[PDB]
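J.: sequence-free structure coming up:
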RNA sequence: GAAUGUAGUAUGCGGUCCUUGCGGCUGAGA
């Protein structure tokens, strides 16, 4: 029964809610589902369209309705501090003012651990790799796709060796191919499933995954959304990114940002499609940079398709630097 | 070829022992 301890720390406010919408707290079930999704996406490149094999290996690692999960995840210590922070891309409907909407959320920092345990070393390594990929390449909680809930590891104590912590942009980009190679080798050794079937992933996976970098900051206080006015001169990194997103000049589209090149709830069609771009914030050597993770897939959603070049032309317009690939 | 009575199927005996209502699921999408 090997163990692995992860001491997380949120650099941006986390919006993770239980049954009570107003009260926000760290949830083991939500993060476990997120790790399941991240393992499916990260190992999707090794599987491609092999849905059945991916489902089999997922039911092996994380359990199913016929076998208990061999990975047990529990949050032990939570030094949280409930506070109020505004939504990234949601503004109130106030007459004239129309300021942001600030719900309760976990304050930045709030170092809380997260304990991993498993009876098999390989499954523990797989879970740790999926969780570290989730922590690095995205956030957890509400509005995670628009720069919220991202965390970084403050301490590590595990038995099974894992990938080293990146120190700059180049190491972070190389970590993608690293983790992909390690999970591919581990899966081929243990499960011995299909060896990288040649097909674009029908879902969000690492088969077509690109990492982008945009902007840099040195003070965390000037990172998240602070100014409630566009004309304000105290726009932070998140605020400046939102202002650039609002400018229709950068992205070339008929409807601009209001088209279906992003999350489904925009316009007449409600649907449930999320934004392929996963906006996040990463700190590299005490320097904070906006992480723009984009997942390209063969089909956007059953029923319609969209042009992916709008995202890439938008990234090139505001000078987003592609670190991977 | 004639010439019943008296009597409790009763005495003693634990439907008990061993069994996690468990397994799997992002309060999230813009």
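T.: Structure received. Residues are numbered from 1 along each chain as shown, chains lettered A, B, ... in the order given.
J.: hmm, stretch A:136-154 in reach of RNA strand B?
T.: Yes - judged by C-beta under 7 Å from any atom of the strand, stretch A:136-154 comes into contact with RNA strand B through A:140, A:141, A:142, A:143, A:144, A:145, A:146. Quick note: C-beta positions are derived from backbone N, CA and C, even for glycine.
J.: all strands of the stretch 101-250 of chain A, in order?
T.: Using DSSP state E, counting those that start in this stretch, the strands of the stretch 101-250 of chain A run over A:109-118, A:151-158, A:209-217.
J.: can I get those in CSV including mean neighbour count?
T.: Listed next are the strands of the stretch 101-250 of chain A as CSV, based on neighbours: other C-beta atoms under 10 Å:
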stretch, mean neighbour count
strand A:109-118, 18
strand A:151-158, 15
strand A:209-217, 19
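J.: do you know which of the ones you listed lies nearest residue A:126?
T.: Checking the strands of the stretch 101-250 of chain A against residue A:126 by C-beta to C-beta gives strand A:109-118 as the closest, at 8.9 Å.
J.: what ranges do the helices span in the stretch 1-150 of chain A?
T.: Counting by DSSP state H, counting those that start in this stretch, one finds helices in the stretch 1-150 of chain A at the ranges A:28-42, A:44-47, A:51-62, A:121-137.
J.: circling back to that earlier point, could you identify the most distant pair in the residues of stretch A:136-154 next to RNA strand B?
T.: By the measure C-beta to C-beta, those have their two most distant members at A:140 and A:146, which lie 13.3 Å apart.
J.: quick revisit: dump the strands of the stretch 101-250 of chain A to a markdown table, plus distance to residue A:131.
T.: Conversion of the strands of the stretch 101-250 of chain A to a markdown table gives the following (distance: least, C-beta to C-beta, whole Å):
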| stretch | distance to residue A:131 |
| --- | --- |
| strand A:109-118 | 7 |
| strand A:151-158 | 10 |
| strand A:209-217 | 17 |
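J.: contacting residues around the one residue in the stretch 1-150 of chain A that gets nearest to RNA strand B?
T.: Closest residue of the stretch 1-150 of chain A to RNA strand B, C-beta to the nearest atom of the strand: residue A:33 (2.1 Å). Taking C-beta atoms under 8 Å, 6 or more residues apart in numbering as the definition of contact, residue A:33 has no neighbours.
J.: residue A:73 too?
T.: By C-beta under 8 Å, 6+ apart, the neighbours of residue A:73 are A:28, A:31, A:32, A:35, A:114, A:115, A:116, A:127.
J.: ok, so of these, who is nearest residue A:96?
T.: Comparing those against residue A:96 with C-beta to C-beta picks out residue A:31 as the nearest, at 40.0 Å.
J.: give me the nearest residue to the closest one, chain neighbours excluded.
T.: Nearest residue to residue A:31, sequence neighbours excluded (C-beta to C-beta, 6 or more residues apart in numbering): residue A:140, at 5.7 Å.
J.: distance check, residue A:209 against RNA strand B.
T.: Note on residue A:209: its distance to RNA strand B, by C-beta to the nearest atom of the strand, to the nearest Å, is 16 Å.
J.: ok, residue A:313 next?
T.: Distance check for residue A:313 against RNA strand B: by C-beta to the nearest atom of the strand, it reads 18 Å.
J.: could you check the angle the helix or strand where that residue lies makes with strand A:209-217?
T.: Residue A:313 is part of helix A:309-317, with elements assigned from DSSP states H and E. Here helix A:309-317 runs at an angle of 30 degrees relative to strand A:209-217 (axes from the mean of the first three to the mean of the last three C-alpha atoms, to 10 degrees).
J.: may I see the buried residues of helix A:309-317?
T.: Neighbour counts using 16 or more other C-beta atoms under 10 Å place A:310, A:311, A:312, A:314, A:315, A:316 of helix A:309-317 among the buried residues.
J.: contacts for that helix?
T.: Contacts of helix A:309-317 with the rest of the structure, by C-beta under 8 Å, 6+ apart, involve A:212, A:214, A:249-253, A:259, A:261, A:276-277, A:292, A:294, A:320, A:322.
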